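**Q** First, the structure itself, so that you have it in front of you.
There are 2 protein chains.
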Amino acid sequence: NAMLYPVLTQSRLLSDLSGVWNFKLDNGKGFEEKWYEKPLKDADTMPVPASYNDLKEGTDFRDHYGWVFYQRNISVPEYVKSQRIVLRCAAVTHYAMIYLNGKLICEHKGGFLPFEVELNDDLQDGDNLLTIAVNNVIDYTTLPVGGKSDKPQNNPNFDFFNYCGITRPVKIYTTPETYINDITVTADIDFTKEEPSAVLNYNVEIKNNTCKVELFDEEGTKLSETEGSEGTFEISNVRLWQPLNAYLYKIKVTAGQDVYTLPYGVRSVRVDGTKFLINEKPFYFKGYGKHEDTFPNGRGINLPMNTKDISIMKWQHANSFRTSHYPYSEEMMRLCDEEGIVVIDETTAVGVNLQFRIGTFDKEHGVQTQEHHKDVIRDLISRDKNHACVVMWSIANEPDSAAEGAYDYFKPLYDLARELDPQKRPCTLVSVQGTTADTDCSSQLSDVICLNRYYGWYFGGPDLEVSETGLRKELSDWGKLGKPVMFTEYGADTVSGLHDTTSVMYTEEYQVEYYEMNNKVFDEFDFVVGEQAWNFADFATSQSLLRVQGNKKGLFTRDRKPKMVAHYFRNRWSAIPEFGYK
Amino acid sequence: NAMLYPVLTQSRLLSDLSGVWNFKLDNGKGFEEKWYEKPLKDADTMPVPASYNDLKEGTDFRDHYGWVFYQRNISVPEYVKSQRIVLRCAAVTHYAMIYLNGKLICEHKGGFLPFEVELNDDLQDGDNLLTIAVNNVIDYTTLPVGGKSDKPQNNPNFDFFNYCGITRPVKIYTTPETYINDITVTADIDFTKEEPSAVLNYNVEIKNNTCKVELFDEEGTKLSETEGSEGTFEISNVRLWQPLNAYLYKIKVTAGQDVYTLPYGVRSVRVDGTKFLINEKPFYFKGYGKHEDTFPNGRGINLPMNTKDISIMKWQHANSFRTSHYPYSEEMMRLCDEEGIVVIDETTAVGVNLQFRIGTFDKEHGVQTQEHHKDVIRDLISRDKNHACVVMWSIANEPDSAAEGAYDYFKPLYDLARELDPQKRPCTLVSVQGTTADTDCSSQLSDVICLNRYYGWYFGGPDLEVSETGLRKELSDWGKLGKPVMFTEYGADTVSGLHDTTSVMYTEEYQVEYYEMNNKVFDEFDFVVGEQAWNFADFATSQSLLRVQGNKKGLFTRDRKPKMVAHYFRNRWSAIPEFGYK
Ligand SMILES: O=C(O)[C@H]1O[C@@H](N2CCN(c3nnnc4c3sc3nc(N5CCOCC5)c5c(c34)CCCC5)CC2)[C@H](O)[C@@H](O)[C@@H]1O
Ligand SMILES: O=C(O)[C@H]1O[C@@H](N2CCN(c3nnnc4c3sc3nc(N5CCOCC5)c5c(c34)CCCC5)CC2)[C@H](O)[C@@H](O)[C@@H]1O
């Protein structure tokens, strides 16, 4: 359906269940022995939320295959049974199974978007046993996609480690028996007037059954009031949320005995040939593709680092960033609203490429994700549709875009995408290397062409000259489409500390020369509408000859320390405006 | 008074207020402009809990002198006013001032122990403005102690950076109008019987006015019941909480409409000449002195790293660790109970040494901390007295133990210490270098002699031979006291990655040779009862010629990566039992 970010409102409530839960690894027999009923014997300690792989020693934990069992003592005073009581799981990666006192109540497939379940009718009073059971297996039926010796081990079709567990927080909140279930505010700005202003349309609806909303500004001064399920809210000379200059209005939808408020930003996003326009102005993407990766948290949420990364980005003179290869935490999404970081939202659709002999979209011996793929496109837009920060959506990362059955697979998702977006924001998919304008189904399905090209590493490296003409060749060909092309990934593995006057691959010097060259070409084409480096920071992958203790293509280290190229970019972007770059 | 760790019990409640609050740095005029009343203009974003210094860029933030203002929207449904409502601040470092809707309600001096205040009578309904204002100034009236150019800047008398802000979590809980305010369980074990068992004494008392408690075990099976304010609870063949083998019983004190439960471990601690005995067995301390230091969290609580450190310690074959130079978070204290980590609790009493010409305890131009020093000795034992993990207390780190007025300053605190400990656990103070048996007031006030000697770095380095005879000389002299001496600090700064076949200072090789030498001597004296290296991991200090980007004496890096010496110790302690080392 739809899901609001639980907060503390007079109407509802909220208690963070996160702490150090009881924990045990599945041995196989664990399910039929019904460990979810009783407590867990010979248990271990495990903080929540955080992916568990890197919080114990030895390969037994890090590379475990199968199920893990979290157990937690839940308990409530009776005067709360008064109200709706809910259990919102912001993200237990992959598959989740919840037992309370010994009975499976909820289940989810997808480890990067929330899901909830109410407890009032099965919530016994006294000591209650909550048992979330997570599984880490990836195959052709999951997004992200896992591929195919002795003993079992997941083989990911993506280039980043497979951190699982309760990645984001577990909490309990409560609402009135008739409660708000979903807001939806849109906007049409009338840049008509030299001094502009506009009006917004709301769309509440509840779940017994009055309903009418109040409007505020940054500091808290009220500016209007109205009624209805789907009315208007005119504003005169409004402050447009802009990149690196966020203004957020707030909304107090008071209805029934329920009150919940919502921060909102007013901004316009629409493409026009080869120009990405926010607030009817020509933008340029300056930033990087990043990851929810820290140590030892794994993919577990780290609010401090979140703010630290945003500071570093502002320090570096950036504005954009694509969401990894999966939806990010809600706290980060909102934080980008307050700080004004234009964000590209991506689905957990990475791995839809078997060209790494059955084809990707072979309908019997191949991918089996279109269905679930559609769910996340629903559950994600259902979650962040009210974020001024989100300027665009990307349905998949590096899929077999130029293979038979590519169109017949994506257009259904594109349609569902641009149909559920209450703002009809642009949609795109970042194509892998080896795609051509005349070859990529994204040339027609997408509004913005976003490439993952690496001319200087995989291609041509270390010959930066032949690599240059290469990118120039492919780049100009993309101009024939007459639409905006932006690089969402270019980079080169470099080990911080390795220096050389005449650079070679993996040195800090080479990384700078690589970005110097590519950027030189990017600046030759007025239809290139933004550069995003891969990656923001070194992150953990799975072991292999081609990974020097994880991925080292980041501009910063895993501990957020700047490599030399981080300064090169801070200088270059220093001399590049958010608007008017042409 | 006393403070329990708030949890989710049928009786009470708990909602974590921690998130990303509104934030502003004080400009001076901020207080008279009364920013606590209104919201905060031109505000910034700052996650809570975490010390704020390292979460923005530029020296303006990191080295700020003075006040910071946190602001947060607090809000509650009326059906809760039913119950006691409380605001527990686990630790806003240094001085804290709380305003609600614009009125200062609570204040605290001390940034490493909790403090609470109830809100029911001034908690307006609707949108409420909470404003915690923190100050970072240190002087001769604070613990830790700050000493004494242009523009103001704190000068710490301790060797670690001055991370401040809301270091530990902010939350709200609720109790019944008559509630439990303090438990107190002691134990006498009758190792009489070849197969032993014992009985425990409880001590509840409330704050209107029945009262009688239930007892359980690991899994949840009940074993007894009784009544009274100060009764007994006999157990037969009980599992003694032991180092690296924790057994924790649980207690359900049901009284009035209030229920709160407590985990407890049964263990015996008593000194006998030159032998530290836990459960009437001769122990040996194997571990390190550590810090609440991570990046970029500052001193902010990091539950994931907590478990990660504990895993590394188990991986390394350790058992002990002294609490830095200040009390640690409650979550960590409890986690050591579950994992069985014997812990030395230390006060924020570091900096009581002005020999770094008025004397330390000069009663007019010198330290002014004895009073506040006594409060923390009260507030800390009031907090962790029920922790089987805590085997000992240390009242101060490296004070001027051998100066006039030393005795007259510490004995009052020692007395208050061993008088409020409901278990009469040993007390000690770690002496600085330059102290002698015949010179240190700790030779009489303390039960265990714990040295901070560094023969091989500050003394003698790099001449490891002369440094050896040096330590041998001072070490044997300490034998004359006929009591247990344990090194709580020995180490040597080394930059991970710097190697050399013939080692020199700051190389990994030297660090190993240093520990090799000192350990060789430690093993010569049957009255040395444990080695703790300084430090567990590299941590942040303030800048100076003698600090290579912080402190680098750790066995691991700041990101928890093992230097070569981390393996040396894992091997040595590998061959050293927790008991019977002599
Ligand atoms: O890898 C990274 O760090 C990041 O890159 C992106 N993805 C790029 C495409 N893909 C690849 N991964 N690994 N190797 C190659 C590709 S494509 C390619 N093409 C190649 N040749 C044709 C193109 O011209 C040059 C020659 C060659 C190689 C590769 C490897 C060495 C031999 C030549 C998956 C990763 C992902 O978005 C990102 O998640 C990942 O983290
Ligand atoms: O410093 C660390 O890393 C850790 O050490 C501990 N503390 C040790 C004592 N103290 C010192 N800090 N810095 N320098 C010296 C001392 S004492 C001393 N004595 C010295 N001479 C007499 C003893 O024989 C050798 C010669 C010399 C020096 C020092 C410095 C260089 C010149 C010779 C405060 C720090 C703290 O518990 C810890 O918090 C800190 O982090």
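For the record, the sequence lines run as chains A and B.
Heads up, the first sequence is in the working numbering, so the first residue is 336 and it goes up one at a time.
Heads up, the second sequence is in the working numbering, so the first residue is 336 and it goes up one at a time.
Each residue gets a CB set at the ideal place from its N, CA and C atoms; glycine is no exception.
I'd like the list of long-range same chain contacts for A:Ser603, defined as Cβ closer than 6 Å, with 5 residues on each side in sequence excluded.
**A** The answer, listed in chain order, is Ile524, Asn614, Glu615.
**Q** Compute the minimum distance between the beta carbon of A:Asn497 and the heavy atoms of ligand 1, and state whether it is under 7 Å.
**A** Checking the Cβ of A:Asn497 against ligand 1 gives no.
**Q** Assuming A:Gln418 and A:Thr509 make a contact with CB atoms under 8 Å, what is their CB distance in whole Å?
**A** Sure, about 4 Å apart at Cβ, within 8 Å.
**Q** Any beta carbon from chain A within less than 8 Å of B:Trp728's own beta carbon?
**A** No, no contact with chain A.
**Q** What does A:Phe630 touch in chain B if you count any residue whose Cβ is under 8 Å from its own?
**A** Those are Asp894, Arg895, listed as they occur along chain B.
**Q** Is there at least one Cβ from chain B nearer than 8 Å to A:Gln459's Cβ?
**A** By this cut-off, A:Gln459 is not an interface position.
**Q** Less than 8 Å between C-beta atoms, sequence neighbours within five positions excluded: which residues of the same chain meet that for A:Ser802?
**A** These residues qualify, in order along the chain: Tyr790, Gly791, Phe794, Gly795, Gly796, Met852.
**Q** For A:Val725, which residues from the same chain have a beta carbon less than 6 Å from its beta carbon, with the 5 sequence-adjacent residues on both sides left out?
**A** Once the five neighbours on either side are set aside, the close Cβ partners of A:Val725 are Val678, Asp680, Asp719.
**Q** Does A:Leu880 pass the burial test, meaning 16 or more other C-beta atoms within 10 Å, or should it be called exposed?
**A** By the 10 Å Cβ count, A:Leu880 comes out exposed.
**Q** Measuring CB atoms only, is the stretch 351-361 of chain A touching the stretch 531-541 of chain A, in the sense that at least three cross pairs come out at less than 8 Å?
**A** The stretch 351-361 of chain A is not in contact with the stretch 531-541 of chain A.
**Q** So does the stretch 628-637 of chain A actually touch the stretch 381-395 of chain A, counting three or more Cβ pairs closer than 8 Å?
**A** The answer is yes - the stretch 381-395 of chain A touches the stretch 628-637 of chain A, with three or more Cβ pairs under 8 Å.
**Q** Please confirm whether B:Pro578 has its beta-carbon closer than 8 Å to some beta-carbon of chain A.
**A** False, the Cβ-Cβ gap to chain A never drops below 8 Å.
**Q** Can the beta-carbon of B:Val403 be found closer than 8 Å to that of B:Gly482?
**A** No, these two residues do not count as a Cβ contact at 8 Å.
**Q** How would you call A:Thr823, buried or exposed, if buried means at least 16 neighbouring beta carbons within 10 angstroms?
**A** With 16 or more Cβ atoms within 10 Å of its Cβ, A:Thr823 is classed as buried.
**Q** Do the CB positions of residue 304 of chain B and B:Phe874 come within less than 8 Å of each other?
**A** Any property of residue 304 of chain B remains undetermined from this structure, which presents chain B solely from 336 to 917.
**Q** With hydrogens ignored, establish whether the beta-carbon of A:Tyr742 is closer than 7 Å to any heavy atom of ligand 1.
**A** Checking every heavy atom of ligand 1 against the Cβ of A:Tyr742, none is found closer than 7 Å.
**Q** When burial is assigned at 16 or more other CB atoms within 10 Å of the CB, is B:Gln779 buried or exposed?
**A** So B:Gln779 counts as exposed.
**Q** Please report the distance separating the alpha-carbon of A:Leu348 from that of A:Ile911.
**A** So the two alpha carbons sit approximately 45 Å from each other.
**Q** Rounded to whole angstroms, what is the Cα-Cα separation between B:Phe568 and B:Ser659?
**A** Roughly 35 Å separates the two Cα atoms.
**Q** Note down, in chain order, all residues in the stretch 873-890 of chain A with a beta-carbon under 8 Å from any beta-carbon belonging to chain B.
**A** Answer set for the stretch 873-890 of chain A: empty.
**Q** What's the C-alpha gap between B:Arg503 and B:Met432?
**A** So the alpha carbons of these two residues sit roughly 15 Å apart.
**Q** Does chain B have any CB closer than 8 Å to the CB of A:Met432?
**A** By this cut-off, A:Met432 is not an interface position.
**Q** Please compile the residues from chain B whose C-beta is within a distance smaller than 7 Å of the C-beta of A:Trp908.
**A** Those do not exist, as A:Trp908 stays about 15 Å from chain B at its closest Cβ, beyond 7 Å.
**Q** Curious, which full-length beta strand (DSSP E) runs of at least 3 residues does the stretch 490-572 of chain A contain?
**A** With a minimum length of 3 residues, the continuous beta strand (DSSP E) runs that stay inside the stretch 490-572 of chain A are 505-508, 515-517, 521-525, 532-536, 546-550, 567-569.
**Q** Between A:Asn543 and A:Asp462, which are expected to be in contact by the criterion C-beta below 8 Å, what is the C-beta distance as a whole number of angstroms?
**A** At roughly 33 Å, the Cβ-Cβ gap does not stay under 8 Å, so A:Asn543 and A:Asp462 are not in contact.
**Q** Could you tell me the alpha carbon to alpha carbon distance between A:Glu733 and A:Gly686, rounded to whole angstroms?
**A** Distance between the alpha carbons of A:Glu733 and A:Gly686 is about 7 Å.
**Q** Where does residue 302 of chain A land, buried or exposed, given buried means 16+ other C-beta within 10 angstroms?
**A** Any answer about residue 302 of chain A is impossible in this case: the structure gives chain A only from 336 up to 917.
**Q** Taking DSSP as the reference, what is the three-state secondary structure of B:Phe914?
**A** Here B:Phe914 sits in strand by DSSP.
**Q** Rounded to whole angstroms, what is the Cα-Cα separation between B:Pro578 and A:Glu413?
**A** Going by the C-alpha atoms only, they are around 40 Å apart.
**Q** Examine ligand 2 and report whether any of its heavy atoms sits within less than 7 Å of the Cβ of A:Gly600.
**A** Answer for A:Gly600: no, Cβ out of range of ligand 2.
**Q** Express the C-alpha separation of B:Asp351 and B:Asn637 in angstroms, rounding to a whole number.
**A** Approximately 15 Å between the Cα atoms of the pair.
**Q** Just to confirm the assignment: which complete beta strand (DSSP E) runs, minimum length 3, are found wholly within the stretch 697-733 of chain B?
**A** Fully enclosed beta strand (DSSP E) runs of 3 or longer: 725-732.
**Q** When burial is assigned at 16 or more other CB atoms within 10 Å of the CB, is B:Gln884 buried or exposed?
**A** So B:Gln884 counts as exposed.
**Q** Below 8 Å on C-beta distance, what does A:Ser350 contact in chain B?
**A** Going along chain B in sequence order, the residues near A:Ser350 (Cβ under 8 Å) are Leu343, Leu348, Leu349, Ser350, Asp351.
**Q** Please return the same chain residues whose Cβ sits closer than 8 Å to the Cβ of B:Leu343, not counting the five positions on each side in sequence.
**A** Excluding residues within five positions, the ones whose Cβ falls inside 8 Å are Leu349.
**Q** What residue from A:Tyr584, A:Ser571, A:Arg574, A:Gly591 has the CA that sits closest to A:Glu562's CA?
**A** Per the Cα distances, A:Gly591.
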